[PDB]
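Text of coords.cif (mmCIF, C-alpha atoms and all ligand atoms) as supplied:
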data_coords
loop_
_atom_site.group_PDB
_atom_site.id
_atom_site.type_symbol
_atom_site.label_atom_id
_atom_site.label_comp_id
_atom_site.auth_asym_id
_atom_site.auth_seq_id
_atom_site.Cartn_x
_atom_site.Cartn_y
_atom_site.Cartn_z
ATOM 1 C CA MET A 1 42.510 7.419 -9.165
ATOM 2 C CA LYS A 2 40.973 6.160 -5.926
ATOM 3 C CA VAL A 3 38.573 3.229 -5.506
ATOM 4 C CA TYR A 4 36.334 2.584 -2.502
ATOM 5 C CA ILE A 5 34.516 -0.709 -2.030
ATOM 6 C CA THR A 6 31.929 -1.797 0.472
ATOM 7 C CA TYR A 7 30.017 -5.117 0.603
ATOM 8 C CA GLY A 8 26.545 -6.182 1.712
ATOM 9 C CA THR A 9 22.975 -6.973 0.861
ATOM 10 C CA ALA A 10 21.995 -5.228 -2.466
ATOM 11 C CA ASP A 11 18.701 -3.594 -1.487
ATOM 12 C CA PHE A 12 20.627 -1.699 1.236
ATOM 13 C CA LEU A 13 23.551 -0.960 -1.008
ATOM 14 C CA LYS A 14 21.162 0.655 -3.499
ATOM 15 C CA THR A 15 20.040 3.256 -1.001
ATOM 16 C CA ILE A 16 23.686 4.314 -1.005
ATOM 17 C CA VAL A 17 23.839 4.607 -4.819
ATOM 18 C CA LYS A 18 20.662 6.659 -4.924
ATOM 19 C CA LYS A 19 22.158 9.099 -2.378
ATOM 20 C CA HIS A 20 25.152 9.868 -4.529
ATOM 21 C CA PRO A 21 23.887 10.038 -8.053
ATOM 22 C CA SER A 22 26.725 12.595 -8.616
ATOM 23 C CA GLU A 23 29.186 9.732 -8.164
ATOM 24 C CA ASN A 24 30.008 6.705 -10.334
ATOM 25 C CA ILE A 25 29.153 3.732 -8.117
ATOM 26 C CA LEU A 26 28.776 0.204 -9.524
ATOM 27 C CA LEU A 27 26.711 -2.487 -7.837
ATOM 28 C CA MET A 28 27.066 -6.230 -8.619
ATOM 29 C CA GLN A 29 25.918 -9.336 -6.696
ATOM 30 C CA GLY A 30 28.455 -11.946 -5.624
ATOM 31 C CA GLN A 31 28.118 -15.192 -3.785
ATOM 32 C CA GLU A 32 28.743 -14.096 -0.168
ATOM 33 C CA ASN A 33 27.249 -10.660 -0.729
ATOM 34 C CA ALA A 34 26.783 -7.740 -3.126
ATOM 35 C CA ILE A 35 29.552 -5.165 -3.699
ATOM 36 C CA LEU A 36 29.769 -1.411 -4.394
ATOM 37 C CA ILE A 37 32.753 -0.178 -6.329
ATOM 38 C CA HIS A 38 33.354 3.562 -6.403
ATOM 39 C CA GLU A 39 36.009 5.108 -8.626
ATOM 40 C CA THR A 40 36.609 8.801 -7.780
ATOM 41 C CA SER A 41 39.454 11.356 -7.688
ATOM 42 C CA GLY A 42 38.506 12.399 -4.061
ATOM 43 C CA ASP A 43 36.196 11.448 -1.154
ATOM 44 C CA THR A 44 34.551 8.171 -0.144
ATOM 45 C CA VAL A 45 30.809 8.140 0.614
ATOM 46 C CA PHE A 46 30.687 4.718 2.185
ATOM 47 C CA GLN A 47 30.745 4.387 5.834
ATOM 48 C CA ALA A 48 33.594 1.918 6.478
ATOM 49 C CA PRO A 49 34.913 1.635 2.913
ATOM 50 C CA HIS A 50 37.817 -0.575 1.804
ATOM 51 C CA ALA A 51 40.050 1.960 0.135
ATOM 52 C CA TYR A 52 42.404 1.614 -2.807
ATOM 53 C CA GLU A 53 44.821 3.651 -4.927
ATOM 54 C CA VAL A 54 44.490 2.732 -8.631
ATOM 55 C CA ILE A 55 47.997 1.791 -9.854
ATOM 56 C CA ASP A 56 47.011 0.546 -13.318
ATOM 57 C CA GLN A 57 43.765 1.182 -15.239
ATOM 58 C CA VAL A 58 42.196 0.495 -18.632
ATOM 59 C CA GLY A 59 38.720 1.137 -20.034
ATOM 60 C CA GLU A 60 35.943 2.793 -18.082
ATOM 61 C CA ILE A 61 33.480 1.662 -15.360
ATOM 62 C CA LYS A 62 29.963 1.772 -16.808
ATOM 63 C CA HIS A 63 27.595 -1.209 -16.530
ATOM 64 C CA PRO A 64 29.549 -4.517 -16.781
ATOM 65 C CA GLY A 65 27.480 -7.705 -16.793
ATOM 66 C CA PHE A 66 30.225 -9.599 -14.915
ATOM 67 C CA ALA A 67 33.054 -8.569 -12.573
ATOM 68 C CA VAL A 68 36.000 -10.651 -11.423
ATOM 69 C CA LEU A 69 38.087 -9.730 -8.362
ATOM 70 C CA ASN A 70 41.350 -11.390 -7.548
ATOM 71 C CA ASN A 71 42.145 -10.833 -3.919
ATOM 72 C CA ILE A 72 45.844 -11.091 -3.156
ATOM 73 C CA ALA A 73 47.523 -10.866 0.279
ATOM 74 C CA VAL A 74 50.920 -9.270 -0.095
ATOM 75 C CA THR A 75 53.333 -8.871 2.881
ATOM 76 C CA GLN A 76 54.504 -5.374 3.731
ATOM 77 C CA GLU A 77 58.004 -5.680 2.305
ATOM 78 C CA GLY A 78 56.594 -7.867 -0.496
ATOM 79 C CA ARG A 79 54.666 -5.011 -2.033
ATOM 80 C CA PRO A 80 57.386 -3.276 -4.049
ATOM 81 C CA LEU A 81 58.174 -6.458 -5.989
ATOM 82 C CA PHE A 82 54.567 -7.488 -6.514
ATOM 83 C CA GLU A 83 53.752 -3.901 -7.527
ATOM 84 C CA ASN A 84 56.393 -4.194 -10.257
ATOM 85 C CA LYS A 85 55.499 -7.754 -11.027
ATOM 86 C CA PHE A 86 52.363 -6.103 -12.400
ATOM 87 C CA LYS A 87 54.071 -3.252 -14.087
ATOM 88 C CA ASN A 88 55.517 -6.325 -15.864
ATOM 89 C CA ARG A 89 51.945 -7.328 -16.783
ATOM 90 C CA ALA A 90 51.695 -7.492 -20.567
ATOM 91 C CA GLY A 91 48.068 -6.407 -20.445
ATOM 92 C CA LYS A 92 47.074 -9.014 -22.985
ATOM 93 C CA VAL A 93 43.738 -9.095 -21.235
ATOM 94 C CA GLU A 94 42.812 -5.641 -22.535
ATOM 95 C CA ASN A 95 43.131 -6.617 -26.239
ATOM 96 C CA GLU A 96 40.587 -9.449 -25.758
ATOM 97 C CA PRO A 97 36.874 -9.560 -26.658
ATOM 98 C CA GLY A 98 34.253 -8.625 -24.074
ATOM 99 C CA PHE A 99 36.742 -7.043 -21.720
ATOM 100 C CA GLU A 100 35.390 -3.656 -20.489
ATOM 101 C CA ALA A 101 38.029 -2.628 -17.912
ATOM 102 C CA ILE A 102 40.858 -3.611 -15.561
ATOM 103 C CA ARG A 103 42.072 -2.008 -12.354
ATOM 104 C CA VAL A 104 45.014 -2.973 -10.165
ATOM 105 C CA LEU A 105 44.046 -1.653 -6.743
ATOM 106 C CA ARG A 106 46.693 -0.844 -4.138
ATOM 107 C CA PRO A 107 45.068 -1.144 -0.723
ATOM 108 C CA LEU A 108 45.336 1.540 1.953
ATOM 109 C CA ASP A 109 43.848 -0.312 4.958
ATOM 110 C CA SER A 110 44.868 -3.917 4.412
ATOM 111 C CA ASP A 111 47.484 -6.022 2.742
ATOM 112 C CA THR A 112 45.153 -7.482 0.141
ATOM 113 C CA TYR A 113 45.487 -6.082 -3.387
ATOM 114 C CA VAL A 114 42.647 -6.423 -5.808
ATOM 115 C CA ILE A 115 42.988 -6.982 -9.551
ATOM 116 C CA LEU A 116 39.524 -6.102 -10.773
ATOM 117 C CA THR A 117 38.601 -6.954 -14.338
ATOM 118 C CA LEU A 118 35.169 -5.958 -15.743
ATOM 119 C CA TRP A 119 33.372 -7.907 -18.496
ATOM 120 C CA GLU A 120 30.205 -7.749 -20.604
ATOM 121 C CA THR A 121 29.292 -11.334 -19.788
ATOM 122 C CA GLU A 122 30.525 -14.232 -17.736
ATOM 123 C CA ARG A 123 31.264 -16.106 -20.964
ATOM 124 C CA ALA A 124 33.524 -13.254 -22.132
ATOM 125 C CA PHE A 125 35.715 -13.978 -19.095
ATOM 126 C CA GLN A 126 35.134 -17.729 -19.347
ATOM 127 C CA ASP A 127 36.478 -17.440 -22.936
ATOM 128 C CA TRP A 128 39.599 -15.517 -22.060
ATOM 129 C CA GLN A 129 40.421 -17.764 -19.140
ATOM 130 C CA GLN A 130 40.835 -20.727 -21.482
ATOM 131 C CA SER A 131 42.794 -18.634 -23.999
ATOM 132 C CA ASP A 132 46.605 -18.618 -24.340
ATOM 133 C CA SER A 133 46.682 -14.967 -23.246
ATOM 134 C CA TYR A 134 45.778 -16.320 -19.758
ATOM 135 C CA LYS A 135 48.841 -18.618 -19.862
ATOM 136 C CA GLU A 136 51.280 -15.994 -21.210
ATOM 137 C CA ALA A 137 50.445 -14.105 -18.022
ATOM 138 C CA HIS A 138 50.811 -17.454 -16.102
ATOM 139 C CA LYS A 139 53.576 -19.624 -17.663
ATOM 140 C CA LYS A 140 55.891 -22.293 -16.121
ATOM 141 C CA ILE A 141 55.862 -12.327 -0.279
ATOM 142 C CA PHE A 142 52.229 -13.520 -0.018
ATOM 143 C CA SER A 143 50.816 -13.351 3.518
ATOM 144 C CA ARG A 144 48.142 -16.002 2.820
ATOM 145 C CA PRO A 145 46.487 -17.468 -0.259
ATOM 146 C CA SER A 146 44.828 -15.328 -2.928
ATOM 147 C CA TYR A 147 41.227 -15.874 -3.873
ATOM 148 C CA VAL A 148 38.904 -14.820 -6.657
ATOM 149 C CA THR A 149 35.409 -13.466 -6.203
ATOM 150 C CA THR A 150 32.867 -12.871 -8.934
ATOM 151 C CA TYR A 151 29.826 -10.612 -9.275
ATOM 152 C CA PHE A 152 26.868 -10.249 -11.630
ATOM 153 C CA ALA A 153 25.047 -7.119 -12.713
ATOM 154 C CA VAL A 154 22.013 -6.468 -10.582
ATOM 155 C CA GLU A 155 19.145 -9.052 -10.342
HETATM 156 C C1 LIG A 201 41.108 -16.292 -12.272
HETATM 157 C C2 LIG A 201 42.354 -16.176 -11.829
HETATM 158 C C3 LIG A 201 43.277 -15.082 -12.194
HETATM 159 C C4 LIG A 201 43.093 -14.014 -13.037
HETATM 160 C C5 LIG A 201 41.855 -13.692 -13.837
HETATM 161 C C6 LIG A 201 44.294 -13.247 -13.013
HETATM 162 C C7 LIG A 201 44.505 -12.088 -13.793
HETATM 163 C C8 LIG A 201 45.769 -11.526 -13.995
HETATM 164 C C9 LIG A 201 46.121 -10.610 -15.022
HETATM 165 C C10 LIG A 201 45.136 -10.052 -16.018
HETATM 166 C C11 LIG A 201 47.465 -10.340 -14.930
HETATM 167 C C12 LIG A 201 48.364 -9.421 -15.743
HETATM 168 C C13 LIG A 201 47.821 -8.869 -17.076
HETATM 169 C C14 LIG A 201 48.218 -9.692 -18.282
HETATM 170 O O1 LIG A 201 49.305 -10.314 -18.323
HETATM 171 O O2 LIG A 201 47.460 -9.730 -19.280
HETATM 172 C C15 LIG A 201 47.942 -11.118 -13.849
HETATM 173 C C16 LIG A 201 49.230 -11.093 -13.393
HETATM 174 C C17 LIG A 201 49.583 -11.695 -12.185
HETATM 175 N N1 LIG A 201 48.837 -12.496 -11.383
HETATM 176 FE FE1 LIG A 201 47.093 -13.127 -11.780
HETATM 177 N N2 LIG A 201 45.163 -13.837 -12.184
HETATM 178 C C18 LIG A 201 44.653 -14.956 -11.650
HETATM 179 C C19 LIG A 201 45.220 -15.820 -10.688
HETATM 180 C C20 LIG A 201 46.393 -15.544 -9.959
HETATM 181 C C21 LIG A 201 46.918 -16.282 -8.870
HETATM 182 C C22 LIG A 201 46.305 -17.547 -8.314
HETATM 183 C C23 LIG A 201 48.085 -15.634 -8.427
HETATM 184 C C24 LIG A 201 49.054 -16.018 -7.365
HETATM 185 C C25 LIG A 201 49.037 -17.195 -6.741
HETATM 186 C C26 LIG A 201 48.244 -14.484 -9.256
HETATM 187 C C27 LIG A 201 49.304 -13.612 -9.203
HETATM 188 C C28 LIG A 201 49.596 -12.775 -10.287
HETATM 189 C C29 LIG A 201 50.903 -12.102 -10.393
HETATM 190 C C30 LIG A 201 52.049 -12.138 -9.410
HETATM 191 C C31 LIG A 201 50.884 -11.421 -11.555
HETATM 192 C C32 LIG A 201 51.989 -10.558 -12.114
HETATM 193 C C33 LIG A 201 52.825 -11.367 -13.118
HETATM 194 C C34 LIG A 201 52.151 -11.431 -14.469
HETATM 195 O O3 LIG A 201 52.267 -10.487 -15.281
HETATM 196 O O4 LIG A 201 51.461 -12.428 -14.774
HETATM 197 N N3 LIG A 201 47.209 -14.459 -10.165
HETATM 198 N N4 LIG A 201 46.900 -11.807 -13.269
#
Full structure transcribed into structure tokens:
Amino acid sequence: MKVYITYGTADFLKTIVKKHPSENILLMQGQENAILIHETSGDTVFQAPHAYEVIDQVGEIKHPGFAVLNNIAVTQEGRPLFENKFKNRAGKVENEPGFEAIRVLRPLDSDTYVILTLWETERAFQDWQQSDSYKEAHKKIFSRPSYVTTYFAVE
């Protein structure tokens, strides 16, 4: 239900994973830094996590080769609409090849939601992005502009 995320250099972030083998913590390397994603039903184990309620979920988190995060700033009153602009999501992404999982993460310490989709490869995402099922989700209340970050399985 709950996702915790912390960012930084990957060698360091590994020492955190090895401390909590009991917990399902994914590590991927992005441009600016590496990320730890931690899906659990209870407690964080990061110092200073970014914390999220999972409000939509598909597939499981277990070793994706590629991860894409869309980082969206929603105003405080904006949330209820946005929230149910995603309920409205068709989830045409899920019935697509290479797609391992999606999570729509409601933030608890910021205004920035995160739509996290997990893939087997970059190309799997790169495929879907050019597909029509990208443009039936985008055809024809935000604090500041959204951005996308991307991460690779560990190198
Ligand atoms: C690489 C870029 C993006 C990806 C991968 C992405 C992914 C998604 C997905 C998977 C859904 C809904 C699930 C579905 O219909 O299959 C969705 C919906 C949405 N996205 Fe994005 N998105 C992107 C860019 C953006 C941008 C730039 C904005 C706003 C400026 C945005 C705002 C929304 C909103 C409001 C919805 C809910 C309406 C809908 O169902 O399409 N997204 N996005």
Explicit residue set for the PyMOL selection byres (((chain A and resi 25) around 8) and not hetatm), as an NGL selection string | :A and (17 or 23-24 or 26-27 or 36-39)
Name the residues captured by the PyMOL selection byres (((chain A and resi 57-71) around 6) and not hetatm) when it is applied to the shown file; answer as a PDB file with C-alpha atoms, in the frame of the given file.
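File written: part_14.pdb
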ATOM      1  CA  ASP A  56      47.011   0.546 -13.318  1.00  0.00           C
ATOM      2  CA  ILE A  72      45.844 -11.091  -3.156  1.00  0.00           C
ATOM      3  CA  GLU A 100      35.390  -3.656 -20.489  1.00  0.00           C
ATOM      4  CA  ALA A 101      38.029  -2.628 -17.912  1.00  0.00           C
ATOM      5  CA  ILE A 102      40.858  -3.611 -15.561  1.00  0.00           C
ATOM      6  CA  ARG A 103      42.072  -2.008 -12.354  1.00  0.00           C
ATOM      7  CA  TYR A 113      45.487  -6.082  -3.387  1.00  0.00           C
ATOM      8  CA  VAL A 114      42.647  -6.423  -5.808  1.00  0.00           C
ATOM      9  CA  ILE A 115      42.988  -6.982  -9.551  1.00  0.00           C
ATOM     10  CA  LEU A 116      39.524  -6.102 -10.773  1.00  0.00           C
ATOM     11  CA  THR A 117      38.601  -6.954 -14.338  1.00  0.00           C
ATOM     12  CA  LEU A 118      35.169  -5.958 -15.743  1.00  0.00           C
ATOM     13  CA  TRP A 119      33.372  -7.907 -18.496  1.00  0.00           C
ATOM     14  CA  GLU A 120      30.205  -7.749 -20.604  1.00  0.00           C
ATOM     15  CA  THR A 121      29.292 -11.334 -19.788  1.00  0.00           C
ATOM     16  CA  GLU A 122      30.525 -14.232 -17.736  1.00  0.00           C
ATOM     17  CA  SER A 146      44.828 -15.328  -2.928  1.00  0.00           C
ATOM     18  CA  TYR A 147      41.227 -15.874  -3.873  1.00  0.00           C
ATOM     19  CA  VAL A 148      38.904 -14.820  -6.657  1.00  0.00           C
ATOM     20  CA  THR A 149      35.409 -13.466  -6.203  1.00  0.00           C
ATOM     21  CA  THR A 150      32.867 -12.871  -8.934  1.00  0.00           C
ATOM     22  CA  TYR A 151      29.826 -10.612  -9.275  1.00  0.00           C
ATOM     23  CA  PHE A 152      26.868 -10.249 -11.630  1.00  0.00           C
ATOM     24  CA  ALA A 153      25.047  -7.119 -12.713  1.00  0.00           C
TER      25      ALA A 153
END
Produce as a PyMOL selection string the set of residues near ligand LIG 201 (chain A), where near means within 6 Å with all atoms listed in the file considered.
-> chain A and resi 85-86+88-93+137-138+146
Could you jot down the CA of residue 20 (chain A) to CA of residue 111 (chain A) separation for me, Å, one decimal place?
-> 28.4 Å
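You can rank A:130, A:31, A:6, A:143 by their closest distance to residue 78 (chain A) using all atoms listed in the file, and at the top of that list sits A:143.
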Looking at A:75, A:8, A:83, A:3, which one is nearest to residue 45 (chain A), with distances taken over only C-alpha atoms?
->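 Answer, going by the shortest atom-to-atom distance: A:3.
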Taking the file as shown, what set of residues would the PyMOL selection byres (((chain A and resi 108) around 12) and not hetatm) give back, as a short mmCIF file (atom, residue, chain, number, x, y, z; two decimals) with C-alpha atoms, in the coordinates of the input?
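File written: expr.cif
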data_model
loop_
_atom_site.label_atom_id
_atom_site.label_comp_id
_atom_site.auth_asym_id
_atom_site.auth_seq_id
_atom_site.Cartn_x
_atom_site.Cartn_y
_atom_site.Cartn_z
CA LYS A 2 40.97 6.16 -5.93
CA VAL A 3 38.57 3.23 -5.51
CA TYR A 4 36.33 2.58 -2.50
CA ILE A 5 34.52 -0.71 -2.03
CA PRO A 49 34.91 1.64 2.91
CA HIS A 50 37.82 -0.57 1.80
CA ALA A 51 40.05 1.96 0.14
CA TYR A 52 42.40 1.61 -2.81
CA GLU A 53 44.82 3.65 -4.93
CA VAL A 54 44.49 2.73 -8.63
CA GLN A 76 54.50 -5.37 3.73
CA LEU A 105 44.05 -1.65 -6.74
CA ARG A 106 46.69 -0.84 -4.14
CA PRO A 107 45.07 -1.14 -0.72
CA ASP A 109 43.85 -0.31 4.96
CA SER A 110 44.87 -3.92 4.41
CA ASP A 111 47.48 -6.02 2.74
CA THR A 112 45.15 -7.48 0.14
CA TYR A 113 45.49 -6.08 -3.39
CA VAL A 114 42.65 -6.42 -5.81
#
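CA of residue 55 (chain A) is positioned 27.3 Å from CA of residue 154 (chain A).
Closest approach to residue 97 (chain A) among A:14, A:127, A:136, A:74: A:127, based on all atoms listed in the file.
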Taken to one decimal, the CA of residue 28 (chain A)-CA of residue 11 (chain A) distance is 11.3 Å
